[PDB]
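Visitor: Sharing start-v7.pdb below, PDB, C-alpha atoms and all ligand atoms:
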ATOM      1  CA  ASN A   1     -30.191  31.459  16.689
ATOM      2  CA  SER A   2     -27.639  30.079  19.157
ATOM      3  CA  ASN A   3     -27.835  31.446  22.755
ATOM      4  CA  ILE A   4     -24.065  31.431  23.229
ATOM      5  CA  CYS A   5     -21.260  33.303  21.398
ATOM      6  CA  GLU A   6     -19.737  31.156  18.648
ATOM      7  CA  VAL A   7     -16.190  32.222  19.590
ATOM      8  CA  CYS A   8     -16.091  32.211  23.419
ATOM      9  CA  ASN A   9     -19.077  29.922  24.126
ATOM     10  CA  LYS A  10     -20.542  32.310  26.773
ATOM     11  CA  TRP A  11     -23.961  33.973  26.941
ATOM     12  CA  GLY A  12     -24.276  37.750  27.261
ATOM     13  CA  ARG A  13     -25.073  40.637  24.865
ATOM     14  CA  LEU A  14     -25.177  38.682  21.590
ATOM     15  CA  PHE A  15     -25.739  39.791  17.988
ATOM     16  CA  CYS A  16     -27.396  37.234  15.804
ATOM     17  CA  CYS A  17     -26.541  36.389  12.216
ATOM     18  CA  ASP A  18     -29.466  36.783   9.790
ATOM     19  CA  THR A  19     -28.226  34.110   7.376
ATOM     20  CA  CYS A  20     -27.138  31.420   9.789
ATOM     21  CA  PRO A  21     -27.932  30.517  13.391
ATOM     22  CA  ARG A  22     -24.619  31.781  14.871
ATOM     23  CA  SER A  23     -24.363  34.509  17.468
ATOM     24  CA  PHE A  24     -21.567  36.764  18.682
ATOM     25  CA  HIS A  25     -20.452  39.161  21.281
ATOM     26  CA  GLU A  26     -19.634  42.514  19.716
ATOM     27  CA  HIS A  27     -15.816  42.246  19.996
ATOM     28  CA  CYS A  28     -15.635  38.442  19.685
ATOM     29  CA  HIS A  29     -16.727  38.766  16.038
ATOM     30  CA  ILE A  30     -13.975  40.018  13.736
ATOM     31  CA  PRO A  31     -14.417  42.625  12.455
ATOM     32  CA  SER A  32     -16.408  43.928  15.523
ATOM     33  CA  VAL A  33     -20.137  43.601  14.877
ATOM     34  CA  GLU A  34     -21.282  46.467  12.638
ATOM     35  CA  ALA A  35     -23.460  49.367  14.076
ATOM     36  CA  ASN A  36     -26.372  49.110  11.629
ATOM     37  CA  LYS A  37     -26.937  46.708   8.626
ATOM     38  CA  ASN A  38     -30.292  44.876   8.774
ATOM     39  CA  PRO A  39     -29.923  42.195   7.611
ATOM     40  CA  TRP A  40     -26.435  41.359   8.975
ATOM     41  CA  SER A  41     -24.366  38.443   7.843
ATOM     42  CA  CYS A  42     -21.513  37.053  10.027
ATOM     43  CA  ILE A  43     -18.003  36.315   8.800
ATOM     44  CA  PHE A  44     -18.733  32.596   8.373
ATOM     45  CA  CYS A  45     -21.572  33.522   5.932
ATOM     46  CA  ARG A  46     -19.407  36.136   4.139
ATOM     47  CA  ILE A  47     -16.641  33.564   3.616
ATOM     48  CA  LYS A  48     -19.157  31.003   2.367
ATOM     49  CA  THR A  49     -20.424  33.537  -0.198
ATOM     50  CA  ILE A  50     -16.903  34.046  -1.632
ATOM     51  CA  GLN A  51     -16.629  30.252  -2.163
ATOM     52  CA  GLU A  52     -20.103  29.987  -3.688
ATOM     53  CA  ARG A  53     -19.508  32.911  -6.062
ATOM     54  CA  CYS A  54     -16.189  31.380  -7.226
ATOM     55  CA  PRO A  55     -16.186  27.597  -6.657
ATOM     56  CA  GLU A  56     -12.756  27.347  -8.324
ATOM     57  CA  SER A  57     -11.307  29.413  -5.433
ATOM     58  CA  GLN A  58     -11.275  26.027  -3.615
ATOM     59  CA  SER A  59      -8.882  24.387  -6.026
ATOM     60  CA  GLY A  60      -5.432  23.832  -4.515
ATOM     61  CA  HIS A  61      -2.936  26.643  -4.132
ATOM     62  CA  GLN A  62       0.754  26.990  -3.389
ATOM     63  CA  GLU A  63       1.460  28.632  -0.030
ATOM     64  CA  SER A  64       4.127  30.841  -1.631
ATOM     65  CA  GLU A  65       1.558  32.326  -4.049
ATOM     66  CA  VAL A  66      -0.963  32.843  -1.220
ATOM     67  CA  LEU A  67       1.569  34.698   0.974
ATOM     68  CA  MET A  68       2.423  37.226  -1.840
ATOM     69  CA  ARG A  69      -1.196  38.224  -2.342
ATOM     70  CA  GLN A  70      -1.985  41.821  -1.648
ATOM     71  CA  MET A  71      -4.458  42.492   1.130
ATOM     72  CA  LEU A  72      -7.459  43.395  -1.040
ATOM     73  CA  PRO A  73     -10.915  43.112   0.626
ATOM     74  CA  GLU A  74     -11.289  39.367   0.124
ATOM     75  CA  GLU A  75      -7.825  38.527   1.519
ATOM     76  CA  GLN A  76      -8.431  40.952   4.392
ATOM     77  CA  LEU A  77     -11.655  39.051   5.158
ATOM     78  CA  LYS A  78      -9.949  35.676   4.931
ATOM     79  CA  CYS A  79      -7.243  36.727   7.397
ATOM     80  CA  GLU A  80      -9.909  38.146   9.793
ATOM     81  CA  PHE A  81     -11.672  34.768   9.680
ATOM     82  CA  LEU A  82      -8.500  32.807  10.198
ATOM     83  CA  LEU A  83      -7.734  35.015  13.259
ATOM     84  CA  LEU A  84     -11.245  34.406  14.500
ATOM     85  CA  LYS A  85     -10.813  30.640  14.148
ATOM     86  CA  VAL A  86      -7.803  30.781  16.453
ATOM     87  CA  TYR A  87      -9.796  32.813  19.047
ATOM     88  CA  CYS A  88     -12.445  30.090  18.855
ATOM     89  CA  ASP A  89     -10.099  27.678  20.651
ATOM     90  CA  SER A  90     -10.048  28.187  24.427
ATOM     91  CA  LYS A  91      -6.261  27.817  24.506
ATOM     92  CA  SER A  92      -5.996  31.107  22.578
ATOM     93  CA  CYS A  93      -6.294  32.818  26.015
ATOM     94  CA  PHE A  94      -2.591  32.145  26.548
ATOM     95  CA  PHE A  95      -1.629  34.118  23.426
ATOM     96  CA  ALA A  96      -4.274  36.885  23.459
ATOM     97  CA  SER A  97      -2.742  39.648  25.548
ATOM     98  CA  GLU A  98       0.728  41.092  25.804
ATOM     99  CA  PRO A  99       3.110  38.605  27.349
ATOM    100  CA  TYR A 100       6.116  39.090  29.664
ATOM    101  CA  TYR A 101       9.279  37.118  30.110
ATOM    102  CA  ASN A 102      11.073  36.434  33.391
ATOM    103  CA  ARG A 103      12.098  32.820  33.689
ATOM    104  CA  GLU A 104      15.393  31.509  35.042
ATOM    105  CA  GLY A 105      17.502  30.273  32.117
ATOM    106  CA  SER A 106      15.509  31.952  29.331
ATOM    107  CA  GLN A 107      15.609  35.249  27.581
ATOM    108  CA  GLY A 108      12.479  36.916  26.153
ATOM    109  CA  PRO A 109      12.015  37.143  22.349
ATOM    110  CA  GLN A 110      13.384  40.017  20.343
ATOM    111  CA  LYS A 111       9.941  40.674  18.837
ATOM    112  CA  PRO A 112       7.071  39.832  21.117
ATOM    113  CA  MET A 113       3.705  39.228  19.438
ATOM    114  CA  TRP A 114       0.192  38.374  20.580
ATOM    115  CA  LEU A 115      -3.283  37.894  19.094
ATOM    116  CA  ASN A 116      -4.773  41.230  20.209
ATOM    117  CA  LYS A 117      -1.881  43.016  18.542
ATOM    118  CA  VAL A 118      -2.559  41.137  15.303
ATOM    119  CA  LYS A 119      -6.226  42.000  15.721
ATOM    120  CA  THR A 120      -5.418  45.741  15.967
ATOM    121  CA  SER A 121      -2.993  45.546  13.076
ATOM    122  CA  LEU A 122      -5.656  43.994  10.863
ATOM    123  CA  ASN A 123      -8.200  46.598  11.998
ATOM    124  CA  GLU A 124      -5.803  49.446  11.229
ATOM    125  CA  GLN A 125      -4.964  47.903   7.758
ATOM    126  CA  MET A 126      -1.264  47.610   8.610
ATOM    127  CA  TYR A 127      -0.661  44.491   6.533
ATOM    128  CA  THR A 128      -0.203  44.965   2.774
ATOM    129  CA  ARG A 129       0.162  41.287   1.961
ATOM    130  CA  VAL A 130      -1.103  38.035   3.432
ATOM    131  CA  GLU A 131       2.530  37.264   4.273
ATOM    132  CA  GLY A 132       2.577  40.106   6.909
ATOM    133  CA  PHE A 133      -0.337  38.562   8.816
ATOM    134  CA  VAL A 134       0.913  34.998   8.552
ATOM    135  CA  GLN A 135       4.439  35.930   9.716
ATOM    136  CA  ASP A 136       3.096  37.675  12.884
ATOM    137  CA  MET A 137       0.735  34.712  13.627
ATOM    138  CA  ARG A 138       3.558  32.179  13.293
ATOM    139  CA  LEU A 139       5.890  34.362  15.388
ATOM    140  CA  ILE A 140       3.434  34.051  18.299
ATOM    141  CA  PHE A 141       3.957  30.336  18.535
ATOM    142  CA  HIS A 142       7.603  30.346  17.599
ATOM    143  CA  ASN A 143       8.421  32.859  20.438
ATOM    144  CA  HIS A 144       6.506  30.572  22.839
ATOM    145  CA  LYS A 145       8.406  27.445  21.810
ATOM    146  CA  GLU A 146      11.752  29.165  22.068
ATOM    147  CA  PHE A 147      11.100  30.692  25.519
ATOM    148  CA  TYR A 148       9.555  27.712  27.249
ATOM    149  CA  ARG A 149      12.251  25.288  26.010
ATOM    150  CA  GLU A 150      11.707  21.900  27.665
ATOM    151  CA  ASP A 151       8.872  22.942  29.974
ATOM    152  CA  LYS A 152       5.810  20.988  29.015
ATOM    153  CA  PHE A 153       4.021  24.347  28.689
ATOM    154  CA  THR A 154       5.637  24.538  25.219
ATOM    155  CA  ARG A 155       2.906  22.169  24.053
ATOM    156  CA  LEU A 156       0.292  24.919  24.247
ATOM    157  CA  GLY A 157       2.159  26.685  21.437
ATOM    158  CA  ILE A 158       2.206  23.518  19.350
ATOM    159  CA  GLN A 159      -1.470  23.002  19.901
ATOM    160  CA  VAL A 160      -2.617  26.490  19.004
ATOM    161  CA  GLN A 161      -0.220  26.577  16.038
ATOM    162  CA  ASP A 162      -1.802  23.373  14.748
ATOM    163  CA  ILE A 163      -5.240  25.080  14.875
ATOM    164  CA  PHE A 164      -3.823  28.077  13.022
ATOM    165  CA  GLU A 165      -2.125  25.975  10.319
ATOM    166  CA  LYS A 166      -5.149  23.720   9.678
ATOM    167  CA  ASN A 167      -7.410  26.708   9.334
ATOM    168  CA  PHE A 168      -4.872  28.479   7.089
ATOM    169  CA  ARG A 169      -4.770  25.450   4.752
ATOM    170  CA  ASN A 170      -8.606  25.271   4.732
ATOM    171  CA  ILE A 171      -9.401  28.987   4.294
ATOM    172  CA  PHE A 172      -6.830  29.678   1.642
ATOM    173  CA  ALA A 173      -7.348  26.302  -0.071
ATOM    174  CA  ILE A 174      -3.693  25.194   0.087
ATOM    175  CA  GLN A 175      -2.965  22.164  -2.160
ATOM    176  CA  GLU A 176      -3.190  18.989  -0.088
ATOM    177  CA  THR A 177       0.113  17.067   0.254
ATOM    178  CA  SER A 178       1.661  14.056   2.039
TER     179      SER A 178
HETATM  180 ZN    ZN B 201     -17.846  35.880  22.819
HETATM  181 ZN    ZN B 202     -23.812  33.646   9.625
HETATM  182 ZN    ZN B 203     -15.082  32.252 -10.327
END
Spit out the file's structure as structure tokens when you get a sec.
Ligand SMILES: [Zn+2]
Ligand SMILES: [Zn+2]
Ligand SMILES: [Zn+2]
Guide:
Amino acid sequence: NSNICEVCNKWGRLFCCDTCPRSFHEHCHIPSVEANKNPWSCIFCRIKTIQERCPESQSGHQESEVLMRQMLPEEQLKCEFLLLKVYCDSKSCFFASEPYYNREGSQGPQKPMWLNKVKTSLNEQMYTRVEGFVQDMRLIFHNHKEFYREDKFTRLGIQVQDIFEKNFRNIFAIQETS
């Protein structure tokens, strides 16, 4: 198994996947690594199993259909993975914790949002449809773009949004387009 956490790339108290060589800190894995279960399979392995069980699940989909899906266990898992994929990028640190807004010439957003809040919401089963999760994720980056205006710091929002959107298209098998 790897000797660093797959998400944060640090050593420490790691839990090892039994079906692949990845390792995780307890709260880096999403959901948080489970108390018992021997063997244990990580979220990457659980997602791979869904695909393998239903190969046709990788045929192209319309985003509009994906967003209206109810958050049954498999969609719940997919959103947890997609959230985890954003945490995997080091630039997610900027969007992880609760932000504050005091910049000359800008006003803060009406509805602040951040990754740890989305993480809690997923954990507490507060989203009934994929759309709920996706809207909060996109709001993160949209609030950032709006607040930072022409400061070059706006690019961090573009960059992390691009990681989100690419992973969304991959995980939910969105029909490729030009
Ligand atoms: Zn970690
Ligand atoms: Zn694994
Ligand atoms: Zn099938």
Visitor: Given the PyMOL selection byres (((chain A and resi 75) around 12) and not hetatm) and the file above, list the residues it selects as number ranges by chain.
Guide: A: 47, 50, 57, 66-74, 76-82, 122, 125, 127-134, 168, 171-172
Visitor: Rank A:89, A:176, A:65, A:34 by their smallest atom-to-atom distance to ligand ZN 201 (chain B), using only C-alpha atoms and all ligand atoms, and report the top residue only.
Guide: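 Residue with the minimum atom-to-atom distance to ligand ZN 201 (chain B): A:89.
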Visitor: Could you list, as a ChimeraX atom specification, every residue matched by the PyMOL selection byres (((not hetatm)) within 7 of (chain B and resi 201)) in this structure?
Guide: /A:5-10,24-25,28
Visitor: Neighbours of ligand ZN 202 (chain B) at 6 Å or closer, counting all atoms listed in the file: which residues, as an MDAnalysis selection string?
Guide: chainID A and resid 17 19:20 22 41:42 44:45
Visitor: Go through the chains and note each residue within 9 Å of ligand ZN 203 (chain B), using only C-alpha atoms and all ligand atoms, then give the set as a ChimeraX atom specification.
Guide: /A:51-57
Visitor: Check the smallest atom-to-atom distance from each of A:88, A:15, A:62, A:23 to residue 36 in chain A using all atoms listed in the file, then report the winner.
Guide: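 For residue 36 in chain A, the nearest of the given residues is A:15.
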Visitor: For the structure provided, state which residues fall under the PyMOL selection byres (((chain A and resi 115) around 8) and not hetatm), and present them as a list in words.
Guide: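 Applying the expression gives residues 83, 95, 96, 97, 113, 114, 116, 117, 118, 119, 137 and 140 of chain A.
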Visitor: Take the residues just selected and output them with C-alpha atoms as a short mmCIF file (atom, residue, chain, number, x, y, z; two decimals), keeping the file's coordinate frame.
Guide:
data_model
loop_
_atom_site.label_atom_id
_atom_site.label_comp_id
_atom_site.auth_asym_id
_atom_site.auth_seq_id
_atom_site.Cartn_x
_atom_site.Cartn_y
_atom_site.Cartn_z
CA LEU A 83 -7.73 35.02 13.26
CA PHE A 95 -1.63 34.12 23.43
CA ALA A 96 -4.27 36.88 23.46
CA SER A 97 -2.74 39.65 25.55
CA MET A 113 3.70 39.23 19.44
CA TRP A 114 0.19 38.37 20.58
CA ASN A 116 -4.77 41.23 20.21
CA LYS A 117 -1.88 43.02 18.54
CA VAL A 118 -2.56 41.14 15.30
CA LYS A 119 -6.23 42.00 15.72
CA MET A 137 0.74 34.71 13.63
CA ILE A 140 3.43 34.05 18.30
#
Visitor: For a quick check of understanding, using all atoms listed in the file, which of A:64, A:123, A:158, A:49 has the smallest distance to residue 27 in chain A?
Guide: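 Closest to residue 27 in chain A, using all atoms listed in the file: A:123.
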Visitor: So the first atom is CA of residue 33 in chain A and the second is CA of residue 141 in chain A; what is the distance between them in Å, to one decimal place?
Guide: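 Between these atoms lies a distance of 27.7 Å.
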Visitor: Would you work out the distance separating CA of residue 166 in chain A from CA of residue 136 in chain A, expressed in Å to one decimal?
Guide: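 Atom-to-atom, CA of residue 166 in chain A to CA of residue 136 in chain A, that is 16.5 Å.
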